Amino acid sequence: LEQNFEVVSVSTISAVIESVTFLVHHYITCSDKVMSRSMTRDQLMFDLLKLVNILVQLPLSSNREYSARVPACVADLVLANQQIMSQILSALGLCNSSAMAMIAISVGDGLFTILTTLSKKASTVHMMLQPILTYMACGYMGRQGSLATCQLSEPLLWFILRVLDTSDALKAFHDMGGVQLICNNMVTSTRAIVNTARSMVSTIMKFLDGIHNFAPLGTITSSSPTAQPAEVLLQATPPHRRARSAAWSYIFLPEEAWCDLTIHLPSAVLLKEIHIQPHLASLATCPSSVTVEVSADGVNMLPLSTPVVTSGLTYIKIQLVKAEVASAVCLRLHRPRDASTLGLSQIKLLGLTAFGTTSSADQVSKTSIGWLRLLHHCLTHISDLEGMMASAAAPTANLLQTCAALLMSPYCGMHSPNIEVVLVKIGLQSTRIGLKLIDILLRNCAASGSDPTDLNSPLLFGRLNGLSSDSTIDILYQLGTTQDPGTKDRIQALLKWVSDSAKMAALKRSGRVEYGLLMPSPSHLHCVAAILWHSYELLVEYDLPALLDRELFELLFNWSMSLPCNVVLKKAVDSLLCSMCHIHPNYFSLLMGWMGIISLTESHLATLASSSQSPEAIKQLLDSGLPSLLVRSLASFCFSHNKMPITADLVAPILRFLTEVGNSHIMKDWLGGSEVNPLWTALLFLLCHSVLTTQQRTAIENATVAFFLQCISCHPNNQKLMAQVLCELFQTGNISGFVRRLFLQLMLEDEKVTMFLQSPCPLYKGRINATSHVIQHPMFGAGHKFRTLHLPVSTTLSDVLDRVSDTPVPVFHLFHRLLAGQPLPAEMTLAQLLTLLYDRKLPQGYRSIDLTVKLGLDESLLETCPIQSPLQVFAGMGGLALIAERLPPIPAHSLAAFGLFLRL
Amino acid sequence: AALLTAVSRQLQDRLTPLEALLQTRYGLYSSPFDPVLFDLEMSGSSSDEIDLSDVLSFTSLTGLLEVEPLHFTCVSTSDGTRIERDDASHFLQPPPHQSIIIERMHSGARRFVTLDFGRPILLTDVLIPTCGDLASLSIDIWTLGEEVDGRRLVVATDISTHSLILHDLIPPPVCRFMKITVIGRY
Amino acid sequence: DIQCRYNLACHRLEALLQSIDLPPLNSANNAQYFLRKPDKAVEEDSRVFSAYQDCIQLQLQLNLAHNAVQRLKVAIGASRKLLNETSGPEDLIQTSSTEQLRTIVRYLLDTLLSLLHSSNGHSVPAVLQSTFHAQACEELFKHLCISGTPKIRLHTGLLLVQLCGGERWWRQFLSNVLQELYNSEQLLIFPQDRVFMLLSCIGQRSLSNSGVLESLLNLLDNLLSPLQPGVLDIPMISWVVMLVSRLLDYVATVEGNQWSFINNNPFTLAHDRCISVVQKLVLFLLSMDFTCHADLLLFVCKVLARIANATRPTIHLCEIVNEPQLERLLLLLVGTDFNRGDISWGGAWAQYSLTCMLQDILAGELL
Amino acid sequence: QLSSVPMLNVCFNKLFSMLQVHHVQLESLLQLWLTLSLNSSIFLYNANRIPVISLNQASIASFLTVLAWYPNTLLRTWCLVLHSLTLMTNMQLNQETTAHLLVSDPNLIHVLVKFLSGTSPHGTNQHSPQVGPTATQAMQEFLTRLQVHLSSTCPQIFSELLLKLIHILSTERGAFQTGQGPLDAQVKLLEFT
């Protein structure tokens, strides 16, 4: 290494490189199954790799017979030789990430450094790309026509990334055809590999019930009759230091050279490490060499490796490179080199069982994810070559099914959002691929061939059809919202899936691919509704009213009426109805024509409220006079305990209906109108502050508190009116139970405001690793870009930005539509922001605060006073002295005095 | 059978999805939303499920709703055993478990603890758990005088393998003080 | 006052219950969510535990106070609630409390369990056949086991064992109940796993008849019928395979173990009914990919070996598998396509289970 | 009804044919063949046991060639080899016995040299050059079964094979002169000769 090689002949260099390459590949590929740890041959192999690294850097002379006396290089002749490059690439492939993670004391770092120097010293880029393409195409030993792929390790993956870093390398990679070969190797490796995830079998076994010792469960036997039973060696408690007496002592006959100790485990477990503790007081009694015999059957001992020298060791730790099943472990112990007695303190068998609580506590090589890592790098590294790589990946059969299965598999090395990006770009390359991806996500997720008899064709059986996660919601939303040509066909496919699902639900009710239509995801239906709402908001080029159909609207209405009101799927179909009523104002009038409004049930009221969440339907519902009819008839029912009869069971659905339609700001102003003002005091008179049964009274109590809280939610004249009503109630002895319900929950709990966040960068903190169906309104949208948080007004904007994303230097900045181009401080609360927005154009009692998160007068916003709470307006009207009068380890005299000064 | 079927149909009709979510996720089967509770039973006390492998290879106190749990203070002197706690609004709160601990137990002898309620009550329910360490047990109650109105409630030689269970006392005694005499196994 | 605090606790518990989402165990991702138990779910479950404990304690205090109030109303002289013969029985069951219904059904179950333990021949003249048919047994089993507490569910399950073990439709009852409850099309929110342990026990009590495991195998080969040339779903087939494995293990206990690693620590079926089941199990073994797991492969090997040893003519390896299919199965065992170097196909456990599988088939044939 | 033994013979002969082209791993195939032939036979390994799975002549020749050039054959791969070769000495071929096929094959002498001069060529961890007792016993049973099977037919070929083994080990650049290889296996081979 210290010498310099200048005029040395090329043939000698090539012979050295080939021989050392074969030797290092033989060293890495062939290793012992047993590793034991207490200059090294690893240092020898690493210095040999350093010598090869020096040799490939040598300049080459013009005649090329000898090296340059001092363009052409020796590295070109290394690249030309197929055997040397095949051995180097294979030797890096068998290397794990644990050797490479030192980044350079190990041999994997030496192979990485040699390959990086080969990439730097290549004359042309194609000369470096050609052995890489040969290694991808060849497989394990040049094998083709079967389910065999070359093993891609993480260091080799990193090297191929560093090769494909430059643009000309990516263009030459497409010219060689590497994208198609990566996709085909992905499909074949996904067919070949079975997942080792713990799945739902281990969940049922965990309920029905980092490596643990299984020596106390086993029994130890020795074939020598003179040997002690040695059961103290299997005890879990370690012997204390300087015990001066061996736990088990064996006397050696002069002819005997090996002593056997045989441990029979009660059940076969995976075995990883075996720990033998010699006698610490005297290491003369330590065995000279120990070999380990294991047996899966437990009667036929197939051992592990050569005997490990254990002379002069205070602790013998034998660790397996490959964990193997072993129902019985036998240990042959040699005679000690000087002493004639064998002294053992403790024997430990460390391992894991399957199927239990003990079954707990590299992935690129085990799974097929590294091919899609390479495909992700090729797609998303450079935007100019992105379309032509996406055209390369297009003709591959069963690619989309494989990518969806890798998307909804557990984590095997690469995060789901980059899988999502690959799926989005492949679906967005062409219209047919987009319709196919919509077919895979919604209706049929299986292989296009689907031949189990062939046994070499890929099959995607085992994945549940129509299955939903947040990833597929993002895929569907980004397919819907993208304004490339072919978008209208994708929206038509989504509406066709919704219509086919409604027809399948109708045929299920009648009692007469098919699984996706039979079970729709509520989150997928909400995603379709969000796509329709945001495409109507964006003023898209394709006519979205032309895509909507009246018969589809009728089918969705009947499907929503058939489902019970507590079902999440009814809320999803109602969100679709809300989107269609937003796009078509005539659809809401046709809906009231179906209602007969010119006999209401709870599902009727739920469908009416959820479809009437849209503001045009708010206006049409207010013009129809239906909430006017309900408020007059409800006030009549309150006074009892044009007019319409109201049953006692219907009262709490009416209050829930009024709450859900009073989520909107216009009907929030309407509930402050003069018609609804007798209703609040009438409800207080109805509930009487202690006729109705007790369960009905409790339900109407909860509905009344929720209705008043929805009325007063960040609406200052509404809470002023509510304070006037409450102080008139208190002015007219002791505090009742429902009165205290109202005061505490309506008044002293801080007001909470819905809040909607729009960010071009996707936010991933709120998303979890499970599926959930949370039906929200279609203006909020769906995907990782859109966040909805329901937070109190005392919560600061810094806590909001910390909750939507971790953001541990570009800094995310909050923005508002009214506050155009003005950054929002992190120190203010939501209440001061609401005061500012109520000063500006935003109406009082809006549905949700709209904040814009973009990556990178604030003190005047900090000086702005917060929104007064309903407690503040109520005490400003003076009702706090009234409740001080009506009311019958902190000291109690402080509380009594405090009430007396609340009188003041 | 017919009453079982009808009340089973109504019991299925009583179920709400939130209580079912509590059952399927947290293992909580009592209904928290319903204010009314019909019965409370106490047989053995310090998600609940039964070990289906072990059972499928007792006497309970019944009522417990018109009567009241009662806090007790051991202000009277106890000989041989001290009372330590395990770690009418006040009476409606349940009393803490106070397992007695003997600093030295020695076989075939007599020890006792003594407790006070502080006010005269009517005592109707006695639950003493079974204790395999103990051979015999007895309890003595009194009010006003210590032995003037003293009465023995029960003698229990069955405390080794049977719990001492009094479901109801049909003449309800007036009690303020009790002592419990414990005898260990021979 | 106690009612007011209890209603406050009920309101906060209701809002907290609306905060919760729950996955239905349809996929392996929800299963990994249950296995990891993430800390956000941990703190949510801790909040639910605290709110529920407050609710149940305040409910108990309210009921104690209310019955004390009723006792003092008796002490004044007001009578209790008198019962009306003019009121019909149906509205009497309707107006009653839910816990009253639970206590009544518990006492009725204990009473009926005493009737089945009769000294006169251990029989009931009417309810064994006339009162309990298949529809009534299915409905009552549903209404008391999905909605009820574990004690009342266990008691009605053992009661249905007593009444309908002798009926021929018990096997079709058990297969149908497992099929409708554990289907992925089913939306009933119920603890699936405790009902599954109940199903294992209720299968074990009637396991002396071979018809129950025969109907389970007929169900299982009906589910694998898309795989032989339809739509196949992993979870409910896994439920069926576990029930078959647990019943076969219980057969092994009533009658060391090669399949003890899968355990945490007149029965003989006919060949012609079993052969289609075992052939479909072989096709499912060969048809596993990355969507499937080796975790189901362990049970497919164990169930397949136990059925192959269970038949009175032991199933030979000739009819169980085709010769290219057997070559493929050994390629799954040995061969650089599927296990490469250090990497083993499905881990060491899958290869050990395949080896013990072929071991048990050849030991059954050669004996 | 039909015996599955001939189908097992056909597919295992196929696997031993694809051994040469790296289609199947050697040690796992040997472990699988040994496990099936041992259980069908109860579980314990015996040298007096005829395997139920019969391999042809070309299968044994491919197995011996693959061993004759297998790089860094690990030690319990070698024990699987020795137990398997003992069972093929027990195995009948359908003429010439399989022990005569083994001794008459020129690759078997290279197999025995590679076993007796294996030592620890990787040298990743400090290990004893001896092979332990079990490999020594397995080699002793293999040589004993060769002697028993060829005592009646042709013991001179087995004696000449043993002498050629001692000659190849004892020459220059050999296991005996350089000191490499197991001492125990070479001493037991010397005692057997």
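As given, the protein sequences belong to chains A, B, C and D, one line each in that order.
Taken in order, the first sequence gives residues 2830 to 2867, 2899 to 2930, 2963 to 2995, 3015 to 3120, 3145 to 3296, 3307 to 3457, 3468 to 3553, 3590 to 3632, 3660 to 3708, 3736 to 3777, 3788 to 3863, 3949 to 3996, 4044 to 4075, 4139 to 4154; the numbers are from the authors' numbering.
Taken in order, the second sequence gives residues 1448 to 1493, 1506 to 1516, 1531 to 1560, 1752 to 1850; the numbers are from the authors' numbering.
Taken in order, the third sequence gives residues 1909 to 2137, 2147 to 2172, 2184 to 2193, 2306 to 2407; the numbers are from the authors' numbering.
Taken in order, the fourth sequence gives residues 2618 to 2658, 2669 to 2721, 2731 to 2829; the numbers are from the authors' numbering.
All C-beta atoms in this analysis are idealised placements derived from N, C-alpha and C, irrespective of residue type, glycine included.
task: Compare the C-alpha of A/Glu-2835 against each of A/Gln-2917, A/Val-3098, A/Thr-3341 and A/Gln-3281 and name the closest.
output: A/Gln-2917
query: Which runs of the alpha helix (DSSP H) fall wholly inside the segment 3327 to 3391 of chain A and span at least 4 residues, in chain order?
result: 3331 to 3338, 3344 to 3352, 3361 to 3374 and 3376 to 3383
field: Cβ pair A/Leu-3075, A/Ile-3025 closer than 9 Å
entry: no
Runs of alpha helix (DSSP H) lying entirely within the segment 1980 to 2031 of chain C, each at least 4 residues, in chain order: 1997 to 2003 and 2006 to 2024
Residues within the segment 3800 to 3824 of chain A neighbouring chain B, beta-carbon criterion of under 7 Å: none
query: Considering B/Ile-1785, what are the terminal residues of the beta strand (DSSP E) in which it resides?
result: 1774 to 1786
message: Output needed for D/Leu-2786: all residues of its chain with C-beta closer than 6 Å, excluding positions within five of it in sequence on either side, in chain order.
response: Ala-2735 and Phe-2794
query: If contact means a Cβ-Cβ distance below 8 Å, which residues of the segment 3511 to 3538 of chain A contact chain B?
result: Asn-3521
query: If we count Cβ pairs, one from each stretch, closer than 8 Å, do we get three or more for the segment 3155 to 3166 of chain A versus the segment 3206 to 3221 of chain A?
result: no
- prompt: Rounded to a whole number of angstroms, what is the C-alpha to C-alpha distance between A/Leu-3524 and B/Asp-1507?
  reply: 32 Å
- prompt: Should A/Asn-2913 be labelled buried (16 or more other beta-carbon atoms within 10 Å of its own) or exposed?
  reply: buried
- request: Using a Cβ-Cβ cut-off of 9 Å, state whether C/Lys-1948 counts as contacting chain A.
  value: yes
task: Please name the residue, chosen from B/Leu-1515, B/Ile-1823, B/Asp-1797 and B/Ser-1549, that lies closest to B/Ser-1771 on a Cα-to-Cα basis.
output: B/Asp-1797
- prompt: Quick one: does D/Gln-2816 have its CB under 9 Å from some CB of chain C?
  reply: no
query: Do you know offhand how far A/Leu-3119's Cα is from B/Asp-1560's?
result: 31 Å
- prompt: For D/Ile-2680, which residues from the same chain have a beta carbon less than 7 Å from its beta carbon, with the 5 sequence-adjacent residues on both sides left out?
  reply: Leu-2625, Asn-2626, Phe-2629, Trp-2650, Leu-2653 and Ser-2654
message: Since A/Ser-3393 and A/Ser-3064 should fall inside the 8 Å C-beta cutoff, what is the C-beta to C-beta distance between them, to a whole number of angstroms?
response: So it is not a contact: roughly 31 Å between Cβ atoms.
field: Segment limits, alpha helix (DSSP H) that includes A/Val-3098
entry: 3089 to 3103
message: Could you tell me the alpha carbon to alpha carbon distance between B/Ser-1533 and C/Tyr-2015, rounded to whole angstroms?
response: 13 Å
- prompt: What residue does the beta strand (DSSP E) around A/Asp-3195 start on, and which one ends it?
  reply: 3193 to 3213
query: Applying a beta-carbon distance threshold of less than 7 Å, which residues of chain F neighbour D/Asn-2717?
result: Chain labels in this structure do not include chain F; the protein chains are A, B, C and D.
- request: Could you say if the segment 4142 to 4152 of chain A and the segment 4047 to 4058 of chain A meet the contact criterion of at least three C-beta pairs nearer than 8 Å?
  value: no
query: Sorted by chain position, which residues of the same chain lie with C-beta nearer than 6 Å to B/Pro-1760's C-beta, five sequence neighbours on each side aside?
result: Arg-1558
- request: Mind checking who B/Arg-1461 pairs with in its DSSP beta bridge?
  value: Note: B/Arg-1461 sits in no beta bridge, so no partner.
task: Spell out whether any CB of chain C is found under 9 Å from the CB atom of B/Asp-1560.
output: no
- prompt: In chain C, which residues lie with their C-beta within 9 Å of the C-beta of A/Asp-3120?
  reply: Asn-2192 and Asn-2193
field: Any C-beta of chain D under 9 Å from that of C/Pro-1931
entry: no
task: Spell out the partners DSSP gives D/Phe-2633 in its beta bridges.
output: For D/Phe-2633, which the question treats as bridged, DSSP gives no partner whatsoever.
message: Which same chain residues end up closer than 7 Å to C/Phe-2307 when comparing Cβ atoms and leaving out the 5 residues on each side of it in sequence?
response: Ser-2118 and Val-2168
query: What separation, rounded to the nearest whole angstrom, lies between the Cα atoms of B/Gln-1459 and C/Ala-1976?
result: 30 Å
field: First through last residue of the beta strand (DSSP E) which encompasses B/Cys-1839
entry: 1838 to 1848
- prompt: Can the beta-carbon of C/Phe-2330 be found less than 9 Å from the beta-carbon of A/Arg-3109?
  reply: no
query: Is there at least one Cβ from chain D nearer than 9 Å to C/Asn-2126's Cβ?
result: no
query: Which of the three DSSP states, helix, strand or coil, is assigned to A/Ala-3015?
result: coil
- request: Would you mind telling me which residues of chain C sit closer than 8 Å to D/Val-2627, beta carbon to beta carbon, in chain order?
  value: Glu-2363
query: Among C/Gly-2029, C/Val-2013 and C/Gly-2375, which has the Cα closest to the Cα of C/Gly-2056?
result: C/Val-2013
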